[PDB]
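The structure under discussion appears below in the form of structure tokens.
Backbone-built Cβ (ideal geometry, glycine too); neighbour counts: all protein chains shown. FYI, it's all coordinate maths here, none of it is from the lab.
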Amino acid sequence: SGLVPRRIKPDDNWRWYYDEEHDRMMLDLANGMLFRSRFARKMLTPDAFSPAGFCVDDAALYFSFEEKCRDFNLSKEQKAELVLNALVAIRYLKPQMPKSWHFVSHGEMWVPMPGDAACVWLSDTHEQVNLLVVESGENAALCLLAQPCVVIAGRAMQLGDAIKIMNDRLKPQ
């Protein structure tokens, strides 16, 4: 969905809010720009529905992920959009169900860390898919799509969409 209208530096007037109309978690960038995340009400914890200030912790996350994504094959709007979706996922996303079936297994499990660039390959086409790890567990990592788009299991996904993936399916880029 992205940044509306086509800068971006966190300040104390940044504010998280859920938007009943677009049914999307959002961020007010306090300068006329608004961010519309990928995440609708059905995907958000109850913290999401009371507005909040972007805090130092949120700022640290923004700056860390922004450095992590600086070298991706993505426009600047796309990089900001992926990083901001990452902050929304970390902060407000309900825990997701681990996926694996549609992905090539590598036998052992690589353990990703937050910020890592990661890849899966689809079982049929062996098409490489680029991902941003946003949080990691002992067996699976919550990831966002770090490409403009991809089709998996016939469903379409866009840049910033969330998917949890078993670690044995994941490799570093």
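Ordered by the count of other Cβ atoms within 10 Å of each Cβ, fewest first, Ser64, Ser136, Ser75 give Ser75, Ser64, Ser136.
Using Cβ contacts closer than 10 Å as the measure, can you line up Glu21, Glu135, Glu67 from fewest to most? Could you put the intermediate results ahead of the total?
Working: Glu21 5, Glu135 17, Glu67 11.
Starting with the residue having the fewest Cβ neighbours, the order is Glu21, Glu67, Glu135.
Once a ≥ b ≥ c are taken as the square roots of the eigenvalues of the Cα gyration tensor of region 80-173, is the result rounded (a/c under 1.5), prolate (a/b larger than b/c) or oblate (a/b not larger than b/c)? Taking the square roots of the gyration eigenvalues as a ≥ b ≥ c, region 80-173 is oblate. Based on the alpha-carbon gyration tensor of region 1-95 and its eigenvalue square roots a ≥ b ≥ c, which shape applies: rounded if a/c is under 1.5, prolate if not and a/b is larger than b/c, or oblate? Rounded shape, in that the Cα axes give a/c under 1.5. As a rough footprinting exposure proxy, the listed residues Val129, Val151, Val104 were ranked by other beta carbons within 10 Å of their own, and the order from fewest upward is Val151, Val104, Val129.
Qualifying trypsin sites (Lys or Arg not before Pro) in region 40-88, where qualification requires a DSSP coil assignment and no more than 11 other C-beta atoms within 10 Å, comprise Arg70. Would you mind checking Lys9/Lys68; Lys76/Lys171; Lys79/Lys171 for any pair whose Cα atoms are more than 19 angstrom apart? Beyond 19 Å between Cα atoms: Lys76/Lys171; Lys79/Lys171.
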